[PDB]
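I have placed the structure first, in the form of structure tokens, so that the comments after it can refer back to it.
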Amino acid sequence: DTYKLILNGXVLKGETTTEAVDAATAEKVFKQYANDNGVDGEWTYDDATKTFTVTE
């Protein structure tokens, strides 16, 4: 499936997508991308939209 990532860094925002077989795998990809790019914070998932948010 296509999963989405919302990255909220206070006044700064971003977003991205990945293809993955399930949600746990997409989150591993999203958590590495977020961390590689300086974005650390609280994670939540909307399984109705297959969208993760990381909030600084």
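Here, A, B, ... name the chains of the structure tokens in the order displayed, residue numbers run from 1 inside each chain, and ligands are numbered from 1 in the same displayed order.
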
Quick one: residues within 8 Å of region 22-31 of chain A, only C-alpha atoms counted, chain neighbours fewer than 4 positions away excluded, as a ChimeraX atom specification?
/A:1,3,5,18,35,50,52

Name the residues of chain A that fall into alpha helix (DSSP H) according to DSSP on the backbone, using the chain letters and numbers of this document, as a PyMOL selection string.
chain A and resi 23-36

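Here CA of residue 19 (chain A) stands at a distance of 21.7 Å from CA of residue 40 (chain A).
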
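Computed from the coordinates, the CA of residue 38 (chain A) to CA of residue 7 (chain A) distance equals 10.7 Å.
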
Computed interatomic separation between CA of residue 15 (chain A) and CA of residue 51 (chain A) (Å):
10.1 Å

Excluding same-chain residues fewer than 6 positions from residue 55 (chain A), what lies within 8 Å of it counting only C-alpha atoms, as a PyMOL selection string?
chain A and resi 7-10+40-43

Residue set, chain A restricted to strand (DSSP E), as a PyMOL selection string
chain A and resi 2-9+12-19+42-46+51-55
